[PDB]
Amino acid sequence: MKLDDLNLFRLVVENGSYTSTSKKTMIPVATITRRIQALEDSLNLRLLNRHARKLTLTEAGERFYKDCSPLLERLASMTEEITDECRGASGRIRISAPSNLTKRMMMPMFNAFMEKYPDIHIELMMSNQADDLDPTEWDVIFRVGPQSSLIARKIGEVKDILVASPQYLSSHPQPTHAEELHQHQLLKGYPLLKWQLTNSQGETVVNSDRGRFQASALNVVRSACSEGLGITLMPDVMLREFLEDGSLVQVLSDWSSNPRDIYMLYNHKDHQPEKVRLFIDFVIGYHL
């Protein structure tokens, strides 16, 4: 038996005619009939009759209507209320974001978001890797590189550049070719351990030297680099202020690393609760 046929029947009873029931729902009358006669067959029990107008009920039809009517009514209004509450929901959202980049690249966005919406709470996990995240455990994932059933929107891009302190360069003549990096003390932070560099002429150079200093995070490498301990490869977005205040200097600028794209992964925004729709809209707004 089809619950929607059974509700179509109720709309019929409450109204008092098939004419009345079909006009409110936008469902032709024989269809109703087809469906009420369908409902009769499934229940193995008859119901309404037509003279010209439709009407009445059977002894068991009244008892049945009186019985199921109240439950069906409630359902219709319960579902409507739950819908508004879930679509309008505030509270906690769960976000994953790349460990290295979050502090300087994401936090100003997250901070502005939170200031704007005091009733939305963020739970933020920072990871070096997004590939093993159970997507069902997160409202939004921010990752470096592409992944796969989630909607993926590119929101940004990082350019990795080579830097050293003026004290370092002052005692170690700057290299002008990336092969020369083998002659230098190198400082390397995950995920930029194997450097792949290309110049204007299409020359490619690979550097997988171990490194004087090798760390699982780039912020401590940048620190080592500021103390004059060698050359590092680092997202421009992690370096802005040091470049600007002049305590770190770009070398090998003709030698570029593959640009890396930043993605936001989420589920169909329109079917998300309010707290998540607002966040997605905000990020998009922030990045356009």
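So that there is no doubt, residue numbering starts at 1 and follows the sequence shown.
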| property | result |
| --- | --- |
| Unmodelled deposited residues between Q147 and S148, binned | 1 to 3 |
| Of 242 to 250 and 50 to 58, the one with larger mean CA B-factor | 50 to 58 |
| Mean C-alpha temperature factor, higher of 67 to 75 and 124 to 132 | 67 to 75 |
| Maximum C-alpha temperature factor, selected from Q37, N258, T232, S223 | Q37 |
| Lowest, middle or highest third - CA B-factor, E14 | highest |
| Chain third (lowest, middle, highest) by recorded CA B-factor, residue given as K103 | middle |
| CA B-factor ranking of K188, expressed as a third of its chain | lowest |
| B-factor third for the C-alpha atom of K194 within its chain | middle |
| Relative C-alpha B-factor of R212, binned into the chain's lowest, middle or highest third | lowest |
